[PDB]
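# Fold and contact review
Given next are the chains, with one letter for each unit.
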Number of protein chains: 2
Amino acid sequence: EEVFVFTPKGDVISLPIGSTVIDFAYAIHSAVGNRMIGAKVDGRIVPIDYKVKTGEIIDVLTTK
Amino acid sequence: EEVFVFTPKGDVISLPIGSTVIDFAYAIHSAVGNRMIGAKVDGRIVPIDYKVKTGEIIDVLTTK
């Protein structure tokens, strides 16, 4: 019912199964989710509705 | 050593001893640090250079 995804730093963020990289962004902080332009999972770019999996390192790219 | 604090969502993040709410902001994501203007600890506003303590909930205010 949950997935445990890593932050590029190493910290863990838990989300309910079926969560996307957008859910991860907003989980980090609203500012990250609002300014998101894309996300990389384990170093590879993925679509905006990519469903994340436990153990993956999610790097959210922001408009900056 | 290091200190560990909470995210308003519930997730845990680790920081080296002495880290201020500003270090926390950047640790969570560059965007949060870059757009930061204020900080709340356990629900109460605090100066931006406040030294966080293990167990505290850190809510970073960003340019709205």
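Residues numbered from 1 in each chain as written, not as in the entry; some residues may be left out. Chains lettered and ligands numbered in written order. Heavy atoms only, no water.

Its PDB header attributes the entry to X-ray crystallography and lists the resolution as 2.200 Å.

### Some words on the interface of chain A and chain B
To be explicit about the condition: Throughout, a contact is declared for two residues whenever any of their heavy atoms are within 4.5 Å. Note on definitions: buried area is the accessible-area loss of two parts on being combined, 1.4 Å probe, summed for both. Salt bridges are defined by distance alone: a side-chain nitrogen of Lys or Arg within 4 Å of a carboxyl oxygen of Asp or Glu. By the criterion applied in these results, polar contacts are pairs of N or O atoms within 3.5 Å in which, for protein atoms, one can donate a hydrogen and the other can accept it, and in which residues neighboring in sequence qualify only through two side-chain atoms. Helix and strand definitions here come from DSSP, where helices need a minimum of 4 consecutive H or I residues and strands a minimum of 2 consecutive E residues; each element is numbered from the N-terminal end.
Every contact between the two is made by 16 residues of chain A and, on the other side, 16 residues of chain B. Buried area between chain A and chain B, both sides added, is near 1,200 Å², and the carbon and sulfur share of it is 50%. Its largest share of buried area at the contact with chain B, chain A owes to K9, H29 and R35 of chain A, together 34% of the area lost on that side. Linking chain A to chain B there are 0 salt bridges. Connecting chain A to chain B are 6 residue pairs in polar contact. Elements supplying a minimum of two residues to the side of chain A that touches chain B: β2 (12-16), α1 (21-28), α2 (30-34) and β5 (58-62) of chain A.

### What about the sheet that holds strand β4 (residues 44-46) of chain A?
Residues and elements named next belong to chain A. Rules: Criterion used throughout: strands pair if DSSP finds at least two bridges between them. An axis is simply a line fitted to the C-alpha atoms; with a helix, the fit covers only the stretch in contact. Between two such axes, the angle follows the N-to-C directions and lies from 0 to 180 degrees.
Read from one edge of the open sheet, 3 strands run β4-β3-β5, paired in antiparallel fashion. Bordering the open sheet on either side are β4 and β5, each of which pairs with just one other strand. Ignoring strand direction, the axes of neighbouring strands in this sheet form an average angle of 35 degrees. Taken together, the 5 bridges between strand β3 (residues 36-41) and β5 define a ladder with antiparallel strand orientation. Note that in β5 the partner of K40 across the bridge is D59. Against the sheet, α1 engages β3, β4 and β5, with an angle of about 110 degrees to β3.

### Some thoughts on the pattern of salt bridges
Residues and elements named next belong to chain A. Note the following rule: A 1.4 Å probe rolled over the protein chains alone gives each residue an accessible area, and that area as a share of the maximum for its type sets the label: buried under 20%, exposed over 50%, partly exposed in between.
Across all of its chains, the model carries 2 salt bridges over all chains by this definition. Note that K9 and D11 form a salt bridge whose closest N and O atoms lie 2.5 Å from each other. The exposure class assigned to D11 is buried, which follows from its relative accessible area of 10%.

### Some points on the side chain of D11 of chain A
With respect to the secondary-structure elements, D11 of chain A resides in the loop between β1 (2-6) and β2. Here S14 of chain B takes part through its backbone nitrogen, which lies 3.0 Å from a polar atom of the side chain of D11 of chain A. When sequence neighbours within four positions are dropped, the list of residues in contact with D11 of chain A reads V5 and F6 of chain A together with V12, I13 and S14 of chain B.

### Description of the sheet that holds strand β5 (residues 58-62) of chain B
Spatially, β4-β3-β5 (chain B) is the arrangement adopted by the 3 strands of the open sheet, whose pairing is antiparallel. What marks the edges here is a single partner per strand, and that holds for β4 (44-45) and β5 of chain B.

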